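The structure appears right after this line, and notes come after that.
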Amino acid sequence: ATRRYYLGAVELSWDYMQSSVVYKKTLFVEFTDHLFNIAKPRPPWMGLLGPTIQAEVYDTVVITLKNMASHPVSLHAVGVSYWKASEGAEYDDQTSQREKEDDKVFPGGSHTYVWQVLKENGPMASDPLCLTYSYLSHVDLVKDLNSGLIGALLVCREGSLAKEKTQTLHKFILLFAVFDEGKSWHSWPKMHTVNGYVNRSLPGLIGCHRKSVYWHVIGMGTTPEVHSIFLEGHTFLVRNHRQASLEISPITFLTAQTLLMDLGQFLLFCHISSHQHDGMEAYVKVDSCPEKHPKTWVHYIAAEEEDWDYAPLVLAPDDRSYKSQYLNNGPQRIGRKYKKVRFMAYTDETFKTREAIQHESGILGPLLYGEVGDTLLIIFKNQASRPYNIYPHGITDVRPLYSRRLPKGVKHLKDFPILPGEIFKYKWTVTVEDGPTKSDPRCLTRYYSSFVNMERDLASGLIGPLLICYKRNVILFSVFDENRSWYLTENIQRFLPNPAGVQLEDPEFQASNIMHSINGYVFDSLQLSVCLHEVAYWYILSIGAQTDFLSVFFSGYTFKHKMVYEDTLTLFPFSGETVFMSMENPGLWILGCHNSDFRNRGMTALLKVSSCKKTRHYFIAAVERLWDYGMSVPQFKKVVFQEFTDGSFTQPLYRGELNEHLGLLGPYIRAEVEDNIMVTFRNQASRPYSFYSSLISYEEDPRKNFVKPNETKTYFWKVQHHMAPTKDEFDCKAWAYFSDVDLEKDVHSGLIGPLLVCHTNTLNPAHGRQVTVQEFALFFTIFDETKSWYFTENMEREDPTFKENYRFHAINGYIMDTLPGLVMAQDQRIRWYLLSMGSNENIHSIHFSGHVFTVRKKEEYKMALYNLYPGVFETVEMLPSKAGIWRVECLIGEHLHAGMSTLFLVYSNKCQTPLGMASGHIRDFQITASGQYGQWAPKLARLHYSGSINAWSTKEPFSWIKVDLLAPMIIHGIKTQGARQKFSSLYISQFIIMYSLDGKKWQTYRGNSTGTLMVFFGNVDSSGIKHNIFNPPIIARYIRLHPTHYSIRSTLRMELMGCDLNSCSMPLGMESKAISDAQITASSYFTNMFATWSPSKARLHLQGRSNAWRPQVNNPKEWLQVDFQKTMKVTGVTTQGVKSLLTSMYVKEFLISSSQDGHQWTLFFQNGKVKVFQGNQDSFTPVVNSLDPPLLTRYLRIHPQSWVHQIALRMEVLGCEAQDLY
Ligand SMILES: *[C@@H]1O[C@H](CO)[C@@H](O[C@@H]2O[C@H](CO)[C@@H](O[C@@H]3O[C@H](CO)[C@@H](O)[C@H](O)[C@@H]3O)[C@H](O)[C@H]2NC(C)=O)[C@H](O)[C@H]1NC(C)=O
Ligand SMILES: *[C@@H]1O[C@H](CO)[C@@H](O[C@@H]2O[C@H](CO)[C@@H](O[C@@H]3O[C@H](CO)[C@@H](O)[C@H](O)[C@@H]3O)[C@H](O)[C@H]2NC(C)=O)[C@H](O)[C@H]1NC(C)=O
Ligand SMILES: *[C@@H]1O[C@H](CO)[C@@H](O[C@@H]2O[C@H](CO)[C@@H](O[C@@H]3O[C@H](CO)[C@@H](O)[C@H](O)[C@@H]3O)[C@H](O)[C@H]2NC(C)=O)[C@H](O)[C@H]1NC(C)=O
Ligand SMILES: [Ca+2]
Ligand SMILES: [Cu+]
Ligand SMILES: [Zn+2]
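Going letter by letter, the sequence shown gives residues 1 to 19, 43 to 210, 228 to 331, 377 to 556, 571 to 711, 1693 to 1712, 1727 to 1795, 1802 to 1897, 1908 to 2332 in the entry's author numbering.
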């Protein structure tokens, strides 16, 4: 079936803590009937959310909006397909008027939408019972979301709604959103809610006791702002990975399930210690719906105070500011040795003998292992001037030993302080529900700490690692905030030249204490020692203040993450992950953090390894070039990689057609696994730079990587498997390369590029591409020019709000739909590469308008919105099923509105029509030349022209002929003939091509061919119709044929094959009897004998006796009718006349009326009045009448007015298909 939904934007009033400060919003809401009188019974626990739209596969959601509010809206879906008349975004998709009705519904309003849920829109084999999608009104997106325009779009797989078994309980939908009721359609507080409720006020979330439960998470909120959801009683399931936090991002779709198993009420809340999220919590009741041996670890631990040297033996002699603020004592500087309290491991309840400490574990307590089924036995004894505690994260059973019942008036063991000298015996037990689930690494990483004051307890050093594994090398990123540590005063009075030197809230004072630590140490002090070929695990944490997300990275290294290989790992605050690197690369490396404002403050450490058939070849150089992003004006000097040729970096290897989407991006540098990459890098530009790909697998024997200007480096390495994809992956995978002298200061410059590593026999012949599938590359960032190496020099053109457009939002460098190259086939796989790089603004949420896609990590998950944390280079695949112009956005307004978008062209590859050069529909004044030479005018250069003279020709040796389709078009193919004079064969044999979109900016042509330009091959005689195809098609309006080699005289007769932009040119099958004779009827059919001019015979080019429609009469009314029997979109009428028995008969002037249901008609008005269509001056030449308002309808009629001799019609409708309402 299809299931029709009724809607309405309906501006309503909202105050959060209810079903007292009231706020004004607008809110989708179902209505019962097309009358739009009654509303729909909506359950209490929804709140704002637009109704839950449940669609199967092969279904046809219809919808029917009604903007009852005081502003335009839309109905942009995500994750389903729609006929362009049902998108919902105004951008120059070069589409009609009837197809931008959907873009913005006005007040009063209406419009019906229709949605498709294709087999491609459905969910994969390892995808849930139902995908999680939304929809949002999409006029202004910032204002649309903050006002409460968002719904739940569910795409349940084929056959799945027969009320599955006993559906009874099942699922609820959570909209962890951040309505900023300030910057909305009515302009205040950034109101963190959950379905529209703040502060534990969300009524209805009810589970079953043993039955599980299914959450359809939806992120929302129009500006980065990370989030982090816990259900405190519980752990979450996504894919089949055990997760604690639903680490939701800007705009995000998840499908988590959790298994309630303990009765009660649990605080579905939002952690993130960055103070805020006022609210972002709500309650989750769970009542009871009706009808190889486990070992036992022992640990004697205690919490004893101590002196802590943050950076110890480090030479750290700097007194020239910055680094020194942290490590050197002075006038109002505690310095670097602060007093702290940590955990400490002993041997027995005597608590008199510590156990052997170790570097590579600074400040973090002992390692607590824990297999599933195993039991831990934590015996804890405080030893400090304060009451501390020890609770674990992840393990859920945690009652004290011996007895279950909790002690004094305490409700939970978390907040039961341990008085400074007593001994508590804890018993932790691990059940499978706390451990890994096949799809995650054998050990998951977890922490444990004190819970009498979650913050300051940990800011003193009360932290330690705990693993939960199935049936060493701990790294902890910790921002210890001394100014919250208890022992601060006990440190001032001991380390300051006057304990009266209070100051306190001095920014420089406080900021000189946020020590930025790895494990325990700072500033390249945590030097760890691992030999070669050791195959190591790395349990990696991020606990502390932090409140950002860290982008951790080993240097020249690569860890198997979630089954798949990666380079940068994103840890959210209070999250741990396990990564598996096979350390097969020598040298000394750094264990950094990317986020600049960190590694520049200490957070670094060193790795120090060492011990105890083809050859792909690239020539890239770093050229200083000038930019402007969107001129189609301030211009900025940037620097990019550029692919060259000779070792003498002379020829710059121009790119075209295929590589016109990089612009900023350096050149694709591809490789098959187990051959050799060699990049010969030369430095043009000012300042030195480099080329580091993290893959550069060196050879044994700090490893400089400096490239002073005019100098050249050779990187050469064998591309291994811990680089290549992985059976379950894709036929290729993307890494990245840039310069590693300043990691990011020389990237806002522009040095960036994609590096592919394809499977073992997929990189094809001498093309060195894959040709099977169109690969691309979208690099989303947010270029900050004020940070460049050239912000001085870029004074070729007082920091308040003058930044604004010193910060460009750049898909590949082109702000605001300024990105070209995105020209794609129709039905044809495409392998997009998705990156993001920079600061933590960059959690970009990329959305392929109208389009879904899929991605692979040891399984195949169908997605439709992929969030790009910086460092993560993905790789997706999609086949576009509809031809038009679409968008790649960034669904967070303030980041999209500021200009982060581009379009891509999908063209129907069965659309290939003669532009009109032969038929003449290309008029003479469109065809220009370069010295007509003489009488062989260029206005002749048409195919098949016959008349002794009949071509363009020129003695001149360097010439050219150009056209102009009047419009930008898909120039898809050119033919080529020649002429003959006397006994001479006039032909061209070797010609190139130029094209442009204004007439004064020509580009050559480079498709596939391995040269500076494609060199075509003309004819060999006076009739060799040579059909050259541009299989990398041409988008242009002005094409220009340049000959290079010629017999006798360069002389040509051509004809251009192409289609319009939105692929609407091919005939609707009049001539090829694809429209049954019965589908055509007319007012009158002249007939007697040797006749029957039946209206059935109106087909263009039709031959034979009695071969046109002819009314019995011949009056200026009359008509011919064409019931398409399906709503097509008509974009032109080709019309023609016949000659019968020395009586040429045609039709001079006709006009078109279009019905819809067969009896209600409307004449094609033009500029108010009616349009008299010209055409047909003789009795054979067809004449095409394009329509500037491309008429719709399934019915069509031709009325002939002024004719000639008699009325003889022959036609062929020029159109294409669609589907308008229902
Ligand atoms: C939701 O829960 C939050 C969490 O407590 C509530 O926050 C409290 O909100 C009130 C007003 O909405 C704040 O009052 C104001 O406090 C400031 C700072 O002291 C003071 O200068 C003002 O004159 C006013 O008294 C209150 O401080 C704040 N609690 C905090 C910040 O801890 C909130 O009220 C709840 N409801 C909503 C709708 O947010
Ligand atoms: C080594 O690098 C230096 C960098 O200054 C090169 O010197 C410069 O070379 C360029 C080559 O075209 C000369 O042309 C001019 O460049 C300036 C930019 O500096 C540009 O704005 C102009 O339009 C012009 O094309 C430039 O005069 C020259 N500058 C100096 C001070 O010598 C040098 O060529 C490199 N080494 C070799 C062997 O080429
Ligand atoms: C120059 O352009 C591309 C290089 O990017 C060449 O790739 C060809 O692209 C087409 C469609 O985009 C591919 O067609 C498909 O091929 C498979 C394999 O048989 C077939 O099963 C599909 O049904 C479809 O026909 C084509 O394979 C691919 N490669 C080749 C060698 O044709 C394109 O061919 C080049 N064009 C010219 C004129 O040289
Ligand atoms: Ca549209
Ligand atoms: Cu964004
Ligand atoms: Zn939150």
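C-beta atoms are modelled at their ideal positions from N, C-alpha and C, and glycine is treated no differently.
Distance between beta carbons of residue j and residue i, contact taken as under 8 Å
i            : j     : result
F129         : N169  : No, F129 and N169 are not in contact; Cβ-Cβ is about 21 Å, not under 8 Å.
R1941        : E2004 : Not confirmed; about 30 Å, so no contact.
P1809        : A1779 : 7 Å
residue 338  : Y2115 : The chain lacks coordinates between 331 and 377, the interval that contains residue 338.
residue 2333 : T2064 : The displayed coordinates of the chain run from 1 to 2332. Any statement about residue 2333 would go beyond what the structure contains.
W1835        : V1857 : 7 Å
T2191        : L2096 : 51 Å between Cβ atoms; not a contact.
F1880        : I1995 : 20 Å between Cβ atoms; not a contact.
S2069        : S2040 : 5 Å
Assigned exposure category for residue i - 16 Cβ within 10 Å defines buried
i     : result
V1933 : buried
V324  : buried
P606  : exposed
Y1815 : buried
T588  : exposed
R2033 : exposed
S628  : exposed
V383  : exposed
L1978 : buried
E456  : buried
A544  : buried
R2320 : buried
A704  : buried
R2052 : buried
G619  : buried
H1821 : exposed
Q139  : buried
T438  : exposed
Proximity winner among the options, relative to residue i (alpha-carbon distances)
i            : options                       : result
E1794        : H632, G259 and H311           : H632
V253         : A284, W228, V238 and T295     : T295
residue 2343 : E445, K408, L412 and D392     : As shown, the chain starts at 1 and ends at 2332. That puts residue 2343 outside it, with no answer to give.
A1866        : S2182, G2121, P146 and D327   : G2121
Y638         : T677, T1928, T657 and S650    : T677
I2059        : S2194, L2050 and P2067        : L2050
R2209        : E1737, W2219 and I269         : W2219
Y1837        : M1823, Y1786, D1828 and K1804 : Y1786
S19          : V165, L197, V103 and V238     : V238
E265         : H615, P243 and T292           : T292
Practice task
Please determine if the region 2078 to 2093 and the region 1695 to 1705 are in contact, where contact requires at least 3 C-beta pairs separated by less than 8 Å.
Solution key: no
Handout entry: Check your reading: residues with Cβ closer than 6 Å to ligand 4 heavy atoms
Key = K107, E110, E122, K123, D125 and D126
Practice task
Determine, using beta-carbon pairs with one atom in the region 269 to 284 and one in the region 296 to 308, whether at least three such pairs fall under 8 Å.
Solution key: yes
Exercise for the section: Evaluate contact between the region 465 to 483 and the region 392 to 404, counting only Cβ atoms and requiring at least three cross-stretch pairs below 8 Å. Expected result: no
Handout entry: Residue list, Cβ distance to ligand 5 heavy atoms smaller than 5 Å
Key = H1954, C2000, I2002 and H2005
Practice task
Examine the Cβ distances between the region 534 to 552 and the region 472 to 485 and report whether three or more of them are shorter than 8 Å.
Solution key: yes
Problem - By C-beta, the residues closer than 7 Å to any heavy atom of ligand 2, given in chain order - result: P1809 and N1810
Problem - Any heavy atom of ligand 1 within less than 6 Å of residue CB: hits in chain order - result: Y16, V238, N239, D318 and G319
Problem - Inter-stretch contact (C-beta, 8 Å, three-pair minimum) for the region 2253 to 2262 and the region 2306 to 2322 - result: yes
Handout entry: Inter-stretch contact at 8 Å, needing at least 3 Cβ pairs: the region 2293 to 2307 / the region 2214 to 2231
Key = yes
Practice task
Kindly confirm or deny that the region 2195 to 2215 and the region 2171 to 2184 touch, where touching means at least three C-beta pairs closer than 8 Å.
Solution key: yes
Practice task
Specify whether the region 521 to 533 and the region 667 to 686 touch according to this definition: at least 3 beta carbon pairs, one from each stretch, less than 8 Å apart.
Solution key: yes
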